[PDB]
*Asks:* 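Let me begin by handing over the structure; questions about it come next.
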Amino acid sequence: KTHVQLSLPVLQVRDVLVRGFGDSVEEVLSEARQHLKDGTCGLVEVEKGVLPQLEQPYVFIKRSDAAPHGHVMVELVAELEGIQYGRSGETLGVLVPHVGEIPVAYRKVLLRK
């Protein structure tokens with residue numbers, strides 16, 4: 001399937017134990033996709049002060065369309081030193097590995113895979 005229904009645990013930035021997916025744009029997009037497939041991917045909502053507490057490159061989920069079955073359609077955009085790889089809509093948040101942190105919410109998305 002080109003799209004997969006996912007329920008992503010929303011994590012508080014200060015709870016996150018592993019603050020990025022790796023060291024290159026290509027690696028972080030790779031690792032993000034692997035963690036999404038394996039159900040080991042969390043979502044941090046972006047506000048003032050959040051991104052400097054996480055490791056670059058960043059992987060964002062961005063709204064790709066204006067929401068089947070409650071699931072917002074999203075795609076992955078990476079960012080490294082202010083350059084984005086991908087073009088998409090509004091940020092739903094930044095993806096991080098999930099290693100058992102307790103979430104504050106869940107975000108239903110339809111991921112373009």
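Values below: all heavy atoms of this structure, side chains included; hydrogens, waters and symmetry mates excluded. Residues: numbered from 1 along the sequence shown.
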*Asks:* Is the side chain of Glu45 donor-acceptor paired with the backbone N or O of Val10 at a distance under 3.5 Å, no angle test?
*Replies:*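 Not a single qualifying donor-acceptor pair exists.
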*Asks:* Stepwise, does the side-chain contact (heavy atoms from CB on, under 4.5 Å) test hold for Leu8 with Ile61?
*Replies:* CA-CA 11 Å; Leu8 296 186; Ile61 47 154; 4.2 Å; yes
*Asks:* Hey, mind stepping through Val109 and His71 against side-chain contact (heavy atoms from CB on, under 4.5 Å) and telling me if it holds?
*Replies:* CA-CA 4 Å; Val109 304; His71 295 248; 5.5 Å; no
*Asks:* Honestly curious: do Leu29 and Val77 fall in one hydrophobic cluster under the side-chain, below-4.5 Å linking rule?
*Replies:*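 Cluster IDs for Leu29 and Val77 differ.
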*Asks:* Looking at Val25 and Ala78, what are the two nearest heavy atoms and their distance?
*Replies:* CG1-CB, 3.8 Å
*Asks:* Spell out, yes or no, whether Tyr106 and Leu110 are grouped together once hydrophobic residues are joined by side-chain heavy atoms under 4.5 Å, including indirect joins.
*Replies:* no
*Asks:* How long is the gap from CG on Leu36 to CG on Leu6, to the nearest 0.5 Å?
*Replies:*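 It comes to 6.0 Å.
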*Asks:* Counting neighbours of CG on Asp23 that are heavy atoms of other residues, nucleotides or ligands and sit closer than 6.0 Å, is the number greater than 12?
*Replies:* no
*Asks:* Using only atom types and a distance under 3.5 Å, with no angle test, would you say the side chain of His98 pairs donor to acceptor with the backbone of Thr40?
*Replies:* no
*Asks:* Roughly how far, to the nearest 0.5 Å, is CE of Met73 from CD of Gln5?
*Replies:* 11.0 Å
*Asks:* Are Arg107 and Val72 close enough that some pair of their side-chain heavy atoms sits under 4.5 Å apart?
*Replies:*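 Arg107 vs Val72: side chains touch.
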*Asks:* Determine whether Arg19 and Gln53 make a side-chain contact, defined as any pair of heavy atoms from C-beta on separated by less than 4.5 Å.
*Replies:* yes
*Asks:* Taking side chain to side chain donor-acceptor pair (under 3.5 Å) as the test, write out the residues that go with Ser30, two or more places apart.
*Replies:* none
*Asks:* I'd like to know if the side chain of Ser88 reaches the main chain of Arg63, judged simply by a donor and an acceptor atom lying under 3.5 Å from each other, with no hydrogens or angles considered.
*Replies:*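 Pair found, side chain donor or acceptor close to backbone of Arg63.
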*Asks:* To the nearest 0.5 Å, tell me how far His35 NE2 sits from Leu95 CG.
*Replies:*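 Answer for the NE2-CG pair, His35 versus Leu95, is 10.5 Å.
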*Asks:* What's the spacing between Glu75 CD and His3 NE2 if we round to 0.5 Å?
*Replies:*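 The CD atom of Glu75 sits 7.5 Å away from the NE2 atom of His3.
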*Asks:* Enter the distance from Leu111:CG to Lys37:NZ here, rounded to the nearest 0.5 Å.
*Replies:* 12.5 Å
*Asks:* Do you know which two heavy atoms are closest between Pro9 and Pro103, and how far apart they sit?
*Replies:*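 Result for this residue pair: CB-CB, 3.8 Å.
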*Asks:* If you link ILVMFWY side chains whenever their heavy atoms are less than 4.5 Å apart, which other residues fall into the same cluster as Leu51? By chain and number, please.
*Replies:* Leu11, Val13, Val16, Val44, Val46, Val50, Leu54, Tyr58, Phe60, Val94, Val96
*Asks:* Would you kindly say whether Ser7 and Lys108 are connected by a side-chain donor-acceptor distance under 3.5 Å?
*Replies:*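 No - no donor-acceptor pair under 3.5 Å links their side chains.
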*Asks:* Rounded at 0.5 Å granularity, tell me how far CG in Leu80 sits from CD in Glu26.
*Replies:* 11.0 Å
*Asks:* Residues in side chain to side chain donor-acceptor pair (under 3.5 Å) with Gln84, at least two apart?
*Replies:* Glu79
*Asks:* Between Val99 and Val104, is there a shared hydrophobic cluster once you connect ILVMFWY residues whose side-chain heavy atoms come closer than 4.5 Å?
*Replies:*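 The answer is no; the residues belong to distinct hydrophobic clusters.
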